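Input: a single structure, listed below in structure tokens.
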Amino acid sequence: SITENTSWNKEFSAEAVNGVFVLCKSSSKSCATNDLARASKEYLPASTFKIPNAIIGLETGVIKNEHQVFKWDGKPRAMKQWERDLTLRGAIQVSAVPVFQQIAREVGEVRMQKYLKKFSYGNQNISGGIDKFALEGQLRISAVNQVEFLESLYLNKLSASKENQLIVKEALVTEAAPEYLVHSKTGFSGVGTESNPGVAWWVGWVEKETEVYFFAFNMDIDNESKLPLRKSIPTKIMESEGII
Amino acid sequence: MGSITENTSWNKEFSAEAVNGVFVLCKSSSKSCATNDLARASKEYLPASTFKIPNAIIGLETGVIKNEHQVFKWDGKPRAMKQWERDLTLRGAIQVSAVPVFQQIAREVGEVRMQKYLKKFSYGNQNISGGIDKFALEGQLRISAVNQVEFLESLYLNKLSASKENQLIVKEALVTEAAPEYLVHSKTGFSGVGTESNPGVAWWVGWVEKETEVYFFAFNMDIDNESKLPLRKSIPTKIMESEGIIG
């Protein structure tokens, strides 16, 4: 059950943004959204794929454990901030593409398909290159499926050890306050091409009091200056609803 | 740990607020600790709420706490603070230091099993006498700054005699600050304003993960006035800020 909420629209309006926010209190059994259609429209996950990729890397032994260090070989990487040794949480927090590319290479095409099926992750389309299917390939997922996936992670209900789900959940903490706790991940496919904008994501969940709220946001983007909106629009919404 | 050295430079932060206290700061990779006060670093004090860490571990291990989604229901009988008069999750009771909630866990764990796990954990003097619901706030259990950092290091490394899963559950409960460059796990303690000439004790213990490095810390200080409480965080914060660890 997905119910439309019109009282969030001003936040999209005021910024000239074409996007969707999906928010579910307690569970995915009833979610609210500004856009029914777009709530279930499927986009490239970009770095939001680091969540399932991380779980898969741990499950298959490719990530040896919680304290694994991803050593930099000194070879040039696309961002200076990726040019250093990284923990799992460090690599997730700065979206070190090349670290997770190498994890996917070692997981390999057969095992990757296996887990995306168990995880019911989007269209499960990993075709066209093991190291880029989530960035520029054919894998697609929706705000709704993102929320369903994150809830399973929250409840340890994914087909993976409790231990590995706990390990990944700690790597996803992005805000801690006495009153609430935020787990979240960003994604950004790029600026897109001729009349085909990229997509930007912010997905996660917020624990406040004895309550839980799972959220997923996406938006079309053709200009990187617009990227802070991926967090400020939904943050606005969750501030007014009284979640954070 | 592997070594300790006394670094009296940090005294600046203490003298400022005229605090009698100790900060212990350990670097994981090099296995070395630094402190302003070697003597006080080994002195043993009431854990107070810092004991909520092992108690949480024990509580989950014994099954007294079902899992991490367990809610500790507030009945309705008055409690010592308004904060504690509500339903809390494990992280909630930890973050607000809800004494009654952990008192209840302690009783359900019981003395034999509590004695056993603290033996396993090498937690301070291991004296749980003076009740079973106050042995850490006003009883006989005492722990040193050095012992805290070793304990906390074992937790981080999942090396405590409890399931890795249970240690992960507690560890997530201890997150108090998250930044893209560093993560702080920590817990406070406060035994009370104490008596005449013998003041109470305030704690701040935890660790910081920054880059591929990890920093285990333990702070305590003498305290006779609740107004001074916030110094339990601001002194070590400034030490670790000036060490370049946080900020």
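Labeling convention for the structure tokens: chains A, B, ... as they appear, residues from 1 per chain, ligands from 1 in order of appearance.
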
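Among the residues of range 15-75 of chain B, backbone DSSP assigns helix (DSSP H, G or I) to residues 15, 16, 38, 39, 40, 41, 48, 49, 50, 51, 52, 53, 54, 55, 56, 57, 58, 59, 60 and 61 of chain B.
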
Worksheet item: Quick one: DSSP strand (DSSP E) residues in range 30-216 of chain A, as a ChimeraX atom specification?
Response: /A:31-33,42-43,69-70,86-87,141-142,173-176,180-188,198-208,211-216

Worksheet entry | Residues within 7 Å of residue 204 in chain B, only C-alpha atoms, excluding chain neighbours under 5 positions, as JSON, numbers by chain | {"B": [186, 187, 188, 189, 218, 219, 220, 232, 233]}

Save the residues we just selected, C-alpha atoms, as a PDB file, in the first residue's frame?
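File written: selection30.pdb
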```pdb
ATOM      1  CA  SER B 186      31.256   6.298  23.790  1.00  0.00           C
ATOM      2  CA  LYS B 187      29.507   6.083  27.181  1.00  0.00           C
ATOM      3  CA  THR B 188      29.357   8.436  30.213  1.00  0.00           C
ATOM      4  CA  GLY B 189      29.331   7.626  33.956  1.00  0.00           C
ATOM      5  CA  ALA B 218      38.984   6.617  28.966  1.00  0.00           C
ATOM      6  CA  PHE B 219      38.452   9.790  31.005  1.00  0.00           C
ATOM      7  CA  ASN B 220      37.595  10.185  34.636  1.00  0.00           C
ATOM      8  CA  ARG B 232      33.715  14.963  31.406  1.00  0.00           C
ATOM      9  CA  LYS B 233      33.243  15.410  27.649  1.00  0.00           C
TER      10      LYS B 233
END
```

Fill in: 10 Å contacts from chain A to chain B using only C-alpha atoms, as a count of residues only
45

Tell me which protein, DNA and RNA residues are within 10 Å of range 98-115 of chain A, counting only C-alpha atoms, leaving out same-chain ones fewer than 5 positions away, and put them as a compact mmCIF listing (two decimals) with N, CA, C and O atoms, in the first residue's frame.
```txt
# COMPACT_ATOMS: atom_id res chain seq x y z
N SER A 47 25.78 4.56 -6.23
CA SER A 47 26.50 4.11 -5.02
C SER A 47 25.62 3.50 -3.95
O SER A 47 26.13 2.87 -3.02
N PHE A 49 24.13 1.01 -4.45
CA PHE A 49 24.43 -0.41 -4.60
C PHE A 49 25.53 -0.87 -3.64
O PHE A 49 25.74 -2.07 -3.48
N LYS A 50 26.21 0.07 -2.98
CA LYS A 50 27.23 -0.34 -2.03
C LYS A 50 26.63 -1.11 -0.85
O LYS A 50 27.31 -1.89 -0.21
N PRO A 52 23.93 -3.54 -0.87
CA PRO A 52 23.91 -4.97 -1.15
C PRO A 52 25.29 -5.54 -1.54
O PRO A 52 25.62 -6.70 -1.20
N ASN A 53 26.10 -4.75 -2.23
CA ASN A 53 27.42 -5.22 -2.63
C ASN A 53 28.30 -5.55 -1.41
O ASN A 53 29.02 -6.56 -1.38
N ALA A 54 28.22 -4.69 -0.40
CA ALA A 54 28.90 -4.90 0.87
C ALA A 54 28.46 -6.19 1.58
O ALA A 54 29.32 -6.93 2.08
N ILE A 55 27.14 -6.44 1.63
CA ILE A 55 26.60 -7.65 2.26
C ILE A 55 27.08 -8.87 1.50
O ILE A 55 27.50 -9.84 2.12
N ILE A 56 27.04 -8.81 0.17
CA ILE A 56 27.48 -9.90 -0.73
C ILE A 56 28.98 -10.18 -0.59
O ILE A 56 29.41 -11.33 -0.71
N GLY A 57 29.77 -9.11 -0.41
CA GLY A 57 31.21 -9.25 -0.25
C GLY A 57 31.56 -9.94 1.06
O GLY A 57 32.45 -10.78 1.11
N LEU A 58 30.81 -9.64 2.11
CA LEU A 58 31.01 -10.30 3.37
C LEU A 58 30.53 -11.75 3.32
O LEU A 58 31.25 -12.66 3.75
N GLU A 59 29.32 -11.97 2.80
CA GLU A 59 28.74 -13.31 2.69
C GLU A 59 29.60 -14.32 1.94
O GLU A 59 29.57 -15.51 2.25
N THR A 60 30.31 -13.86 0.91
CA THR A 60 31.08 -14.75 0.03
C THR A 60 32.55 -14.87 0.47
O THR A 60 33.40 -15.52 -0.20
N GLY A 61 32.87 -14.22 1.59
CA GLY A 61 34.25 -14.22 2.07
C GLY A 61 35.17 -13.24 1.37
O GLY A 61 36.33 -13.13 1.74
N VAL A 62 34.66 -12.51 0.37
CA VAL A 62 35.50 -11.59 -0.43
C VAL A 62 35.97 -10.45 0.49
O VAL A 62 37.11 -10.03 0.43
N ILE A 63 35.08 -10.00 1.37
CA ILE A 63 35.42 -9.07 2.44
C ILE A 63 35.61 -10.00 3.65
O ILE A 63 34.66 -10.63 4.13
N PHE A 70 40.87 -1.93 2.88
CA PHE A 70 41.02 -1.87 1.44
C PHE A 70 42.22 -0.98 1.10
O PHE A 70 42.11 0.25 1.08
N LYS A 71 43.38 -1.61 0.89
CA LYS A 71 44.64 -0.90 0.65
C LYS A 71 44.67 -0.26 -0.73
O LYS A 71 44.26 -0.88 -1.71
N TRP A 72 45.18 0.96 -0.80
CA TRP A 72 45.33 1.66 -2.08
C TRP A 72 46.65 1.27 -2.70
O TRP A 72 47.68 1.26 -2.03
N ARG A 77 43.20 7.24 -8.72
CA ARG A 77 41.75 7.01 -8.69
C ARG A 77 41.01 8.30 -8.98
O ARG A 77 41.56 9.40 -8.84
N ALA A 78 39.74 8.16 -9.38
CA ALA A 78 38.95 9.26 -9.93
C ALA A 78 38.76 10.43 -8.98
O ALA A 78 38.69 11.59 -9.42
N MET A 79 38.68 10.13 -7.68
CA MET A 79 38.68 11.15 -6.63
C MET A 79 39.87 11.01 -5.69
O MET A 79 40.19 9.91 -5.23
N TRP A 82 39.59 8.98 -2.56
CA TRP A 82 39.67 7.52 -2.64
C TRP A 82 41.09 7.00 -2.64
O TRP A 82 41.32 5.81 -2.52
N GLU A 83 42.05 7.91 -2.79
CA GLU A 83 43.47 7.58 -2.86
C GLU A 83 44.08 7.43 -1.47
O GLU A 83 44.89 8.24 -1.03
N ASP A 85 44.08 4.10 2.00
CA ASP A 85 43.54 2.88 2.54
C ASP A 85 42.23 3.23 3.18
O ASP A 85 42.09 4.32 3.75
N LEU A 86 41.28 2.30 3.11
CA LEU A 86 39.91 2.55 3.59
C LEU A 86 39.36 1.33 4.30
O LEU A 86 39.63 0.18 3.90
N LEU A 88 35.69 -0.58 5.50
CA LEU A 88 34.42 -0.73 4.82
C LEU A 88 33.58 0.55 4.98
O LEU A 88 33.06 1.08 4.01
N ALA A 91 35.08 3.43 3.02
CA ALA A 91 34.87 3.25 1.60
C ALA A 91 33.40 3.51 1.19
O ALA A 91 33.12 4.07 0.13
N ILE A 92 32.46 3.13 2.06
CA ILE A 92 31.04 3.42 1.86
C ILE A 92 30.76 4.94 2.02
O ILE A 92 30.03 5.53 1.23
N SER A 120 15.85 -9.78 -3.85
CA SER A 120 14.80 -9.17 -4.70
C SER A 120 15.17 -7.73 -5.07
O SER A 120 14.34 -6.81 -4.95
N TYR A 121 16.42 -7.54 -5.48
CA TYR A 121 16.97 -6.21 -5.72
C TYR A 121 16.69 -5.66 -7.12
O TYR A 121 17.46 -5.92 -8.08
N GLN A 124 17.17 -6.82 -11.11
CA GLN A 124 18.23 -7.84 -10.99
C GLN A 124 19.09 -7.94 -12.24
O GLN A 124 19.71 -8.98 -12.52
N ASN A 125 19.16 -6.85 -12.98
CA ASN A 125 19.87 -6.84 -14.26
C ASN A 125 21.34 -6.44 -14.15
O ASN A 125 21.67 -5.26 -14.22
N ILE A 126 22.22 -7.42 -14.05
CA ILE A 126 23.66 -7.15 -13.89
C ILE A 126 24.46 -7.21 -15.20
O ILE A 126 25.69 -7.17 -15.18
N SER A 127 23.76 -7.27 -16.33
CA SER A 127 24.42 -7.46 -17.62
C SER A 127 25.33 -6.29 -18.01
O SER A 127 25.18 -5.17 -17.51
N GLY A 129 28.96 -5.91 -17.87
CA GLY A 129 30.20 -5.57 -17.18
C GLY A 129 30.01 -5.59 -15.70
O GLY A 129 29.20 -4.82 -15.17
N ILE A 130 30.75 -6.47 -15.03
CA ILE A 130 30.64 -6.69 -13.58
C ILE A 130 30.99 -5.45 -12.74
O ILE A 130 30.44 -5.25 -11.63
N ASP A 131 31.86 -4.60 -13.28
CA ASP A 131 32.37 -3.43 -12.55
C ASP A 131 31.62 -2.10 -12.82
O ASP A 131 32.01 -1.03 -12.27
N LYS A 132 30.54 -2.16 -13.60
CA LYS A 132 29.77 -0.96 -13.93
C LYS A 132 28.25 -1.12 -14.11
O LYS A 132 27.58 -0.15 -14.50
N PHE A 133 27.69 -2.30 -13.81
CA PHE A 133 26.26 -2.50 -14.03
C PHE A 133 25.37 -1.56 -13.21
O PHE A 133 24.25 -1.23 -13.64
N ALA A 134 25.88 -1.10 -12.07
CA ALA A 134 25.13 -0.23 -11.15
C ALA A 134 25.32 1.27 -11.43
O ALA A 134 24.54 2.09 -10.95
N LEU A 158 17.37 -10.29 5.61
CA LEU A 158 18.01 -10.63 4.34
C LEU A 158 18.67 -12.01 4.43
O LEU A 158 19.00 -12.48 5.52
N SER A 159 18.85 -12.63 3.27
CA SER A 159 19.52 -13.93 3.18
C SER A 159 21.01 -13.75 3.31
O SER A 159 21.75 -13.79 2.33
N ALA A 160 21.42 -13.58 4.56
CA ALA A 160 22.78 -13.28 4.92
C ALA A 160 22.83 -13.40 6.44
O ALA A 160 21.81 -13.21 7.10
```

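We find CA of residue 238 in chain B and CA of residue 142 in chain B to be spaced 26.6 Å apart.
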
Worksheet entry | residue 13 in chain A environment, 12 Å, only C-alpha atoms, sequence neighbours closer than 6 positions dropped, as a PyMOL selection string | chain A and resi 6-7+19-20+34+233

Restricted to C-alpha atoms, what would the selected residues look like written as a compact mmCIF listing (two decimals), in the first residue's frame?
```txt
# COMPACT_ATOMS: atom_id res chain seq x y z
CA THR A 6 0.34 16.28 -1.42
CA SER A 7 1.68 18.24 1.57
CA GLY A 19 11.76 13.60 -7.89
CA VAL A 20 10.15 11.26 -5.35
CA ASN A 34 4.44 12.66 -3.46
CA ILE A 233 14.48 18.11 0.29
```

Worksheet item: Which residues, written as an MDAnalysis selection string, have at least one atom at most 9 Å from range 139-150 of chain A, with only C-alpha atoms counted and residues fewer than 3 positions away on the same chain left out?
Response: chainID A and resid 2 20:24 27:28 31 38:45 48 51:52 119:127 133:136 153:155 158 201 203:205 214:218

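Across the structure, CA of residue 6 in chain B and CA of residue 199 in chain B are spaced 24.5 Å apart.
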
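Interatomic distance, CA of residue 137 in chain B to CA of residue 194 in chain B: 11.2 Å.
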
Response to the item:
Min atom-atom distance to residue 64 in chain B from the set B:152, B:109, B:223, B:128, counting only C-alpha atoms, belongs to B:109
